Novice: 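Below is the structure I would like to discuss, written out as structure tokens.
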Amino acid sequence: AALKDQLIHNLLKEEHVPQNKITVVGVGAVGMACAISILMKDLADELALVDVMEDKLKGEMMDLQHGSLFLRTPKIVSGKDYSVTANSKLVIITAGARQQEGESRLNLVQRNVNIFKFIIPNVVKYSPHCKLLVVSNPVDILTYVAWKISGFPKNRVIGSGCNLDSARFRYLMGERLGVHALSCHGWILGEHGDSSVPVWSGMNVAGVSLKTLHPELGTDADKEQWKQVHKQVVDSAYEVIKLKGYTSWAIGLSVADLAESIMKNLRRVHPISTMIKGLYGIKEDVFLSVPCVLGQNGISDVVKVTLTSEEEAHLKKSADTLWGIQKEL
Amino acid sequence: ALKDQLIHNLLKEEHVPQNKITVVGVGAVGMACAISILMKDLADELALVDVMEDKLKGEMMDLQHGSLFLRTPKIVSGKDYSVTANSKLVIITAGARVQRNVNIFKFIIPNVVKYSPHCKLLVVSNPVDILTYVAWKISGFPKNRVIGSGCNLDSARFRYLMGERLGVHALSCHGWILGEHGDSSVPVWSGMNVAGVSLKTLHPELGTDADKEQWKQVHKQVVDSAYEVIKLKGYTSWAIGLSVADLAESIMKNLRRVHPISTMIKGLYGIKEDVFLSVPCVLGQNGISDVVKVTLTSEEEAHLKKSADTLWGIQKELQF
Amino acid sequence: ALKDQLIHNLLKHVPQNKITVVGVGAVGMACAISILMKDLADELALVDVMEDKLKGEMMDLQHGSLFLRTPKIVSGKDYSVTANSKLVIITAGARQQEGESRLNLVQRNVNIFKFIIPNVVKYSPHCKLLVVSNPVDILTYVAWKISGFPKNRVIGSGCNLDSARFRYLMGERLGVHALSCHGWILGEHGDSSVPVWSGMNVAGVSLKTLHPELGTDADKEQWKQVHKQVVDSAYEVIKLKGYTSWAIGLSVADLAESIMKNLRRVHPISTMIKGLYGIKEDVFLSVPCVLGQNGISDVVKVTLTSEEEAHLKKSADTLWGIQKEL
Amino acid sequence: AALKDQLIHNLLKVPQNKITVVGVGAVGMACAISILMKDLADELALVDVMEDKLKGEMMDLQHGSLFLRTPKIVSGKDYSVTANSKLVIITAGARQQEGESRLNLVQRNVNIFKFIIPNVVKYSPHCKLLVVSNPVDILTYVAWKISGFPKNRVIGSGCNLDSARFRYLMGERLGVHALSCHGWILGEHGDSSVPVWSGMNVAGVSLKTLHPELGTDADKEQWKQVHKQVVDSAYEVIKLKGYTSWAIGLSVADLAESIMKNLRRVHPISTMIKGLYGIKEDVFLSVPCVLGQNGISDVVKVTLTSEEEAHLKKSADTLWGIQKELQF
Ligand SMILES: NC(=O)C1=CN([C@@H]2O[C@H](COP(=O)(O)OP(=O)(O)OC[C@H]3O[C@@H](n4cnc5c(N)ncnc54)[C@H](O)[C@@H]3O)[C@@H](O)[C@H]2O)CC=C1
Ligand SMILES: NC(=O)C1=CN([C@@H]2O[C@H](COP(=O)(O)OP(=O)(O)OC[C@H]3O[C@@H](n4cnc5c(N)ncnc54)[C@H](O)[C@@H]3O)[C@@H](O)[C@H]2O)CC=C1
Ligand SMILES: NC(=O)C1=CN([C@@H]2O[C@H](COP(=O)(O)OP(=O)(O)OC[C@H]3O[C@@H](n4cnc5c(N)ncnc54)[C@H](O)[C@@H]3O)[C@@H](O)[C@H]2O)CC=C1
Ligand SMILES: NC(=O)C1=CN([C@@H]2O[C@H](COP(=O)(O)OP(=O)(O)OC[C@H]3O[C@@H](n4cnc5c(N)ncnc54)[C@H](O)[C@@H]3O)[C@@H](O)[C@H]2O)CC=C1
């Protein structure tokens with residue numbers, strides 16, 4: 001008989017019920033950066049990949065499968081049909097058009113809204129209890145779209161948002177100050193995009209307020225021009241796009257950070273995109289980034305940041321920008 | 001200045017990296033190696049080198065933007081190999097995708113060796129066995145410090161495929177692909193086992209044409225795998241990145257694990273020429289310190305001699 | 001109230017990857033710290049009868065929360081804290097005095113299991129039960145009979161540790177890491193364990209092929225003394241520090257990892273072997289088992305020499321002799 | 001030939017990331033297991049005066065080698081096993097109160113450090129020295145004076161665990177993970193430590209701005225009792241289980257990670273603070289310190305109230321007072 005039966009006595013007929021399954025929609029540059037970061041952080045016991053082109057999809061799956069010896073995720077699967085995503089805890093959406101050199105994320109909206117009308121109903125059919133983590137751009141507006149299409153409560157529809165902007169800001173802050181980004185605390189809120197809002201009043205190392213030490217922090221009168229650090233954050237993706245054509249590694253690591261807080265129910269605070277109506281002075285159904293408590297139920301809580309009136313005004317302008325696109329959909 | 005208002009410096013520090021790694025070539029393979037090494041915390045400094053200077057700065061910046069999520073505090077890049085100085089390990093992934101990559105290595109290797117005279121050289125560029133030889137000749141390093149990624153990946157693929165057929169994890173499926181990376185590689189059917197159970201003793205037709213289960217086709221699938229993935233997505237990157245990081249881990253942590261990697265094998269296995277082939281090698285902080293002597297069948301042994309002769313035939317035609 | 005000034009609550013907790021440890025002694029806490037540092041659980045629950053020591057171990061772990069990724073640690077003498085565990089690890093009971101056989105602990109620990117196990121089942125009726133308490137093979141059988149669980153879900157830590165010890169000693173003799181030295185110790189976790197000399201190999205190279213007298217009394221290199229060292233290891237360490245903890249901690253966390261991540265790795269662990277290897281009784285002992293999210297789904301059929309086979313049926317005989325009395 | 005030579009052809013005839021733990025008690029072995037499970041070392045050495053216990057602990061760890069990525073674990077009462085360590089962690093000594101000030105009791109652990117520290121220096125002269133034994137601020141000073149090391153290479157664990165406990169307690173009250181709560185306990189380890197109310201925050205939101213009574217007796221939420229609770233937590237755990245081990249071991253492994261990976265994270269740890277914060281004596285107090293491969297290279301200058309400043313100055317004076325009476 002077969003070698004497998006010569007070698008192995010089967011004791012147990014098992015139907016596969018996945019316990020810690022994550023799906024990545026889209027095996028482009030971002031989706032595969034998300035995939036490898038999730039795999040190398042041991043967050044899922046099953047990873048499912050979905051996309052619309054079957055060759056690319058099978059190719060990426062096999063390339064990951066070939067490294068199984070080096071991973072601790074035993075089941076990696078893929079298909080064009082969303083049945084392969086069934087019963088995911090977390091579904092990460094990365095499908096969509098990306099920026100050309102110099103193009104605004106907001107110029108992607110018509111193309112990717114239409115894509116979400118195809119994707120989101122399919123996701124929700126097969127993982128009705130999942131958390132949705134939207135990465136595709138413009139991420140704030142597409143989290144809104146995923147919310148309206150899915151019918152999920154707002155705690156379960158999350159945009160990757162400014163987790164990455166805040167990481168970029170902290171890295172640049174640490175380079176100037178000579179400490180690790182981990183030890184530099186500062187928050188970028190609002191749109192993941194040109195209208196993001198640096199919260200100068202909250203920046204600190206070891207609880208020492210930087211704006212107290214350096215009162216011109218964040219103003220145009222500042223001899224050190226710390227405002228150009230936030231400008232570098234705004235410009236960073238256009239700079240990397242100009243240089244290598246796209247961005248991938250940093251967002252993949254940022255998404256895997258968020259995925260860890262969800263899958264392990266850490267209730268860590270992250271600046272991510274959520275439905276902010278009734279807070280921070282905002283009256284419309286806009287999604288933008290504020291500090292959110294993130295765990296196994298998604299966003300359970302929002303932190304109420306004490307913005308200066310000018311920081312509050314920048315945040316309102318960010319909301320108004322997003323609502324100006326949102327109202328046309 | 002905010003820095004001085006906030007921080008009182010108590011010590012003048014010279015940057016002397018203690019666990020530095022360099023990756024040469026930031027293509028699909030090099031960046032897969034880079035992200036794997038970063039996510040395994042194997043270096044305190046990562047250096048990147050390429051000739052495409054825009055691509056190089058963009059890749060470096062993209063990794064840097066993820067520092068908050070990593071525990072590698074310094075990531076640097078440049079076309080000038082001064083950025084690679086004092087690396088413990090230098091990984092070569094540059095090149096087309098033989099004579100084209102020899103000509104490249106003629107510029108790369110002397111630059112690497114100038115700035116990190118004591119490093120281990122890990123060659124991934126293809127054809128990996130021939131270019132490890134080239135790197136060895138050009139560097140002047142002793143053979144323990146020149147390593148080809150070789151059949152480490154081939155063996156991982158083999159173990160994945162064996163596991164999917166047997167219903168167990170690749171980790172629990174043991175099997176060795178030796179010799180040349182790619183077409184002429186050698187599946188050592190006699191060593192294949194789960195839990196120390198010899199699959200060839202259990203299933204005597206293992207590895208033969210008369211095998212009703214066609215296990216020989218699993219080797220063909222390993223041989224063919226890079227071509228099938230290239231046909232489907234255009235190149236391979238993730239599996240090789242992870243296997244290079246596995247090697248890097250054994251080197252950086254002095255683990256003395258056994259891997260099937262490409263080493264200068266003259267004087268062993270009946271081989272009489274200066275060729276690099278994969279055999280099981282003990283890998284640690286001095287590179288390859290010891291070679292395991294596998295008991296090969298008479299024509300497993302003949303097949304491995306054929307690879308030697310094949311590789312030697314190409315090496316004789318090299319200009320450098 | 002500061003919390004409400006700081007935090008707008010949006011949303012009114014079922015743990016998804018919970019692990020319980022019963023017995024927060026030397027072994028239990030080694031298992032706990034090892035599982036915590038491997039990020040295998042989203043909730044860890046601890047149970048003991050000594051309520052003060054229980055609360056103190058819990059608090060000491062909790063104080064390290066900043067450095068961990070397991071956000072909830074709970075404890076109590078009441079087993080309600082353990083509800084909805086995927087995995088429950090039994091490390092409670094009497095341990096060996098210097099020179100004492102593990103089999104001598106059986107009467108005391110059967111008694112203890114009679115209260116423990118029904119309370120575990122009560123709160124986590126679908127968990128996998130990983131028994132560590134000694135004698136581990138007989139107590140896995142006991143846990144199975146008391147719990148009513150199917151055999152796939154009652155696991156004894158068994159010879160995972162013996163084989164790890166064996167591979168460390170082999171690697172030290174061969175100059176390579178334990179990971180690259182392969183070798184299986186089967187049967188009783190104790191004096192009657194069985195080294196499978198025919199499977200010991202590096203890179204698929206059988207040592208017995210180079211050295212057919214390996215492991216036998218005719219071996220000038222005395223490789224049989226390596227197995228003796230494995231047999232004696234627990235006794236030597238008890239004599240030296242009074243107990244063993246760290247290695248079994250790590251071995252249990254290895255097993256936990258295969259279970260919690262559904263790895264289907266093969267481990268030498270204690271299972272109901274009736275009708276394999278020629279055995280006709282309800283004995284538990286270690287053979288190579290495929291370990292995943294449903295526990296033990298498959299057993300590898302190892303081909304033993306006649307002597308290895310005889311030694312395993314003697315190990316089997318030595319057990320059961322005790323089981324039948326209970 | 002021998003089996004090994006039949007199997008393996010030797011082709012080729014100094015550890016790079018070695019760590020030593022001195023004292024294999026409750027604290028020392030928690031440090032060891034945490035450091036092993038974080039893959040920070042290529043070699044781990046253990047030293048104690050109890051030779052049986054030492055061999056037993058070493059063997060127990062070795063038996064777990066298969067499950068680790070640290071390939072060499074060594075032990076001995078002779079310090080030759082510690083040679084070439086990057087980091088040496090001192091956990092040896094009598095168990096004593098965090099703030100212990102009584103001279104007879106202090107001097108007992110000073111005497112132990114007189115035997116340990118020169119032997120540590122003998123074999124790892126370039127190491128960083130990490131002192132955990134109590135009283136930690138005084139014994140870090142003693143280790144510095146006996147070792148002859150520059151101050152950047154002598155580190156007291158100080159208030160590093162205190163601040164982690166404080167962040168745990170903050171998170172339990174606020175419903176977030178300790179990682180997302182920020183707060184700093186500084187100064188002299190023990191009853192005299194200084195909770196810096198001004199820096200406590202979540203997401204950069206100052207709790208003291210939202211709750212101006214934070215840290216006063218009139219505060220109806222009694223946040224000042226959270227500091228008392230930190231200061232008393234070790235004693236409460238001792239009362240319950242007889243000693244403490246797991247949290248300190250984790251916090252020491254976190255420091256070691258910063259050192260071994262050259263991370264330059266900021267930790268509240270005890271450093272030779274003369275010349276800063278108005279302090280004029282050779283004392284060790286916890287301040288936010290940048291910790292990397294060369295130890296403590298930089299300190300954050302925290303803006304303190306006049307009273308917080310006075311507290312630190314008085315800690316300096318009383319530590320210096322004790323130190324003057326020590327014999328070594
Ligand atoms: N911080 C953030 O939120 C960032 C989000 N990014 C966005 O991520 C998305 C994907 O970027 P990349 O992966 O680099 O792009 P890519 O070109 O590499 O891949 C596009 C992906 O969308 C998938 N897709 C599915 N359906 C369609 C469709 N009808 N048309 C086009 N594509 C489809 C496509 O098959 C492919 O998987 C873009 O919207 C980017 O703007 C880019 C980087 C970071
Ligand atoms: N198992 C193995 O050994 C494998 C080896 N592989 C080989 O890896 C190599 C690279 O593959 P890819 O990454 O996909 O190719 P790629 O085209 O993505 O990247 C090649 C990189 O080399 C760079 N390069 C070229 N010349 C120089 C130079 N003189 N100095 C520095 N950099 C230079 C080039 O700019 C480019 O960024 C090829 O030889 C592949 O065949 C492919 C995958 C597996
Ligand atoms: N490889 C293996 O299988 C290993 C098995 N070991 C066994 O592990 C068990 C415990 O060893 P140690 O931790 O060192 O002993 P320990 O004395 O340190 O702890 C035992 C713990 O069990 C607790 N306990 C006793 N009765 C109950 C009860 N009814 N309910 C809950 N808890 C209870 C007891 O209070 C104590 O905290 C012994 O049976 C050992 O023989 C020791 C090491 C290896
Ligand atoms: N938060 C902190 O900073 C903590 C510091 N702690 C202190 O850490 C120290 C040790 O505590 P425990 O581990 O619980 O005590 P322990 O009694 O369990 O271990 C102390 C060890 O030091 C060893 N020892 C004594 N003298 C020497 C010597 N000359 N050379 C080598 N070894 C020696 C002793 O043999 C013993 O193995 C005490 O000073 C404690 O008060 C306790 C816990 C936390």
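Because only heavy atoms are used, hydrogens play no part in the values below, and waters and symmetry mates are left out as well, while side chains stay in. Order of listing sets the numbers, starting from 1, for every ligand and every atom in it. By convention in this document, chain letters (A, B, ...) are assigned in the order of the sequence lines, proteins followed by strands, and residues within each chain are numbered from 1.
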Novice: Where's the contact between A:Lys56 and ligand 1, heavy-atom distance under 4.0 Å: side chain, backbone, both or neither?
Specialist: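 Neither part.
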Novice: So which protein heavy atom does atom 20 (C) of ligand 1 come closest to, and at what separation?
Specialist: A:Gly96 O, 3.4 Å
Novice: So, applying side chain to side chain contact (heavy atoms under 4.5 Å, CB included) with A:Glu60, which one of A:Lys56, A:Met62, A:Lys58 is it?
Specialist: A:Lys56
Novice: Please write down residue, atom name and distance for the protein heavy atom closest to atom 14 (O) of ligand 1.
Specialist: A:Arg98 NH1, 3.0 Å
Novice: Check each atom of ligand 1 against the heavy atoms of A:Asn112 and keep those under 4.0 Å away; list them by number with element.
Specialist: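 What qualifies from ligand 1 is 39 (O).
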Novice: For atom 8 (O) of ligand 4, what is the nearest protein heavy atom, given as residue, atom name and distance?
Specialist: D:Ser133 CA, 3.8 Å
Novice: Would B:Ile104 count as a polar contact of ligand 2, with the cut-off being nitrogen or oxygen pairs under 3.5 Å?
Specialist: no
Novice: Can an N or O of D:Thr244 be found at a distance shorter than 3.5 Å from an N or O of ligand 4?
Specialist: no
Novice: Could you tell me whether A:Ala29 and ligand 1 have an N or O pair separated by under 3.5 Å?
Specialist: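 Between A:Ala29 and ligand 1, an N or O pair is found under 3.5 Å apart.
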Novice: Note the single closest protein heavy atom to atom 22 (O) of ligand 4, along with its residue, its atom name and the distance in Å.
Specialist: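 Answer, as residue, atom name and distance: D:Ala92 CA, 3.3 Å.
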Novice: Give yes if a backbone or side-chain nitrogen or oxygen of A:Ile119 is under 3.5 Å from a nitrogen or oxygen of ligand 1, and no if not.
Specialist: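 No; the residue has no nitrogen or oxygen that sits under 3.5 Å from a nitrogen or oxygen of the ligand.
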Novice: Tell me the contacting part of D:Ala234 for ligand 4: side chain, backbone, both, or neither, using a 4.0 Å heavy-atom threshold, strictly below.
Specialist: neither
Novice: Give the contacting part of A:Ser254 toward ligand 1: side chain, backbone, both or neither, where contact means a heavy-atom distance below 4.0 Å.
Specialist: neither
Novice: Between D:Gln96 and ligand 4, find which residue part has any heavy-atom pair under 4.0 Å and reply side chain, backbone, both or neither.
Specialist: backbone
Novice: Can a side-chain donor-acceptor contact be found between A:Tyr238 and A:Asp194 if the only test is distance below 3.5 angstrom?
Specialist: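 Indeed, the side chains of A:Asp194 and A:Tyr238 share at least one donor-acceptor pair under 3.5 Å.
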Novice: Are more than 12 heavy atoms from other residues, nucleotides or ligands located less than 6.0 Å from atom CZ of D:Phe328?
Specialist: yes
Novice: Run the contact test for B:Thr93 against ligand 2 with a 4.0 Å cut-off on heavy atoms, strictly below, and give the result.
Specialist: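 Right, B:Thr93 reaches ligand 2.
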Novice: Of all the atoms in ligand 1, which lie at a distance below 4.0 Å from a heavy atom belonging to A:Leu108?
Specialist: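 The atoms of ligand 1 under 4.0 Å from a heavy atom of A:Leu108 are 41 (O).
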Novice: For atom 19 (O) of ligand 1, which protein heavy atom lies nearest, and how many Å away is it?
Specialist: A:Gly28 CA, 3.4 Å
Novice: I'd like to check whether A:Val52 has a polar contact with ligand 1, where a contact means an N/O of the residue lying under 3.5 Å from an N/O of the ligand.
Specialist: no
Novice: Counting each atom of ligand 1 from 1 as listed, which ones have a heavy atom of A:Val30 under 4.0 Å away?
Specialist: 8 (O), 11 (O), 12 (P), 13 (O), 14 (O), 42 (C), 43 (C)
Novice: Identify the closest protein heavy atom to atom 25 (C) of ligand 2: which residue and atom is it, and at what distance?
Specialist: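 Going by distance alone, atom 25 (C) of ligand 2 is nearest to B:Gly95 N, 4.0 Å.
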Novice: Would you indicate which of B:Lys79, B:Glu59, B:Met31, B:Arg97 comes nearest to atom 16 (P) of ligand 2 when only heavy atoms are counted?
Specialist: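 Among B:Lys79, B:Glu59, B:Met31, B:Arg97, the closest heavy atom to atom 16 (P) of ligand 2 comes from B:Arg97.
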Novice: Got the closest protein heavy atom to atom 6 (N) of ligand 1, with its distance?
Specialist: A:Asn137 ND2, 3.4 Å
Novice: May I ask you to check whether D:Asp137 and D:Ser270 show a side-chain donor-acceptor distance below 3.5 Å?
Specialist: yes
Novice: Which protein non-hydrogen atom lies closest to atom 2 (C) of ligand 1, naming both residue and atom, and how far is it?
Specialist: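 Heavy-atom neighbour on the protein nearest atom 2 (C) of ligand 1: A:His192 NE2, 3.3 Å.
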Novice: For ligand 1, which atoms sit closer than 4.0 Å to a heavy atom of A:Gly26?
Specialist: 37 (O)
Novice: Using a strict 4.0 Å cut-off to heavy atoms of B:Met52, name the atoms of ligand 2 that fall inside it.
Specialist: 35 (O)
Novice: Looking only at side chains, do B:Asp154 and B:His181 share a donor and an acceptor under 3.5 Å apart?
Specialist: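 Distance-only check passes for B:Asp154 and B:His181.
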Novice: For ligand 4, find out whether one of its N or O atoms is nearer than 3.5 Å to an N or O atom of D:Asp48.
Specialist: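 Checking ligand 4 against D:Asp48, an N or O pair does fall under 3.5 Å apart.
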Novice: Below 4.0 Å, non-hydrogen atoms only: which portion of D:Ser157 touches ligand 4? Side chain, backbone, both or neither.
Specialist: side chain
Novice: Which atoms of ligand 1 have any heavy atom of A:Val27 under 4.0 Å away?
Specialist: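 Here the atoms of ligand 1 in question are 37 (O).
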Novice: Hey, which atoms in ligand 2 end up nearer than 4.0 Å to a heavy atom of B:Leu153?
Specialist: 1 (N)
Novice: Which bit of A:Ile251 is near ligand 1, meaning a heavy atom under 4.0 Å away: side chain, backbone, both or neither?
Specialist: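 It is the side chain that touches ligand 1; the backbone stays farther off.
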Novice: Please check if atom NZ in D:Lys114 has more than 12 non-hydrogen atoms from other residues, nucleotides or ligands closer than 6.0 Å.
Specialist: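 Check passes, neighbour count above 12.
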Novice: Which pairs count as salt bridge (charged side-chain N to carboxylate O under 4.0 Å, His left out) when at least one residue sits in residues 96-113 of chain A, sequence neighbours excluded?
Specialist: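 Of all non-adjacent pairs touching residues 96-113 of chain A, those that pass salt bridge (charged side-chain N to carboxylate O under 4.0 Å, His left out) are A:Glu103-A:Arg111.
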Novice: Give the numbers and elements of all ligand 4 atoms closer than 4.0 Å to a heavy atom of D:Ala94.
Specialist: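 Counting atoms of ligand 4 from 1, those under 4.0 Å from D:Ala94 are 38 (C), 39 (O), 41 (O).
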Novice: Who's the nearest protein heavy-atom neighbour of atom 3 (O) of ligand 1, and how far?
Specialist: A:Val135 O, 3.0 Å
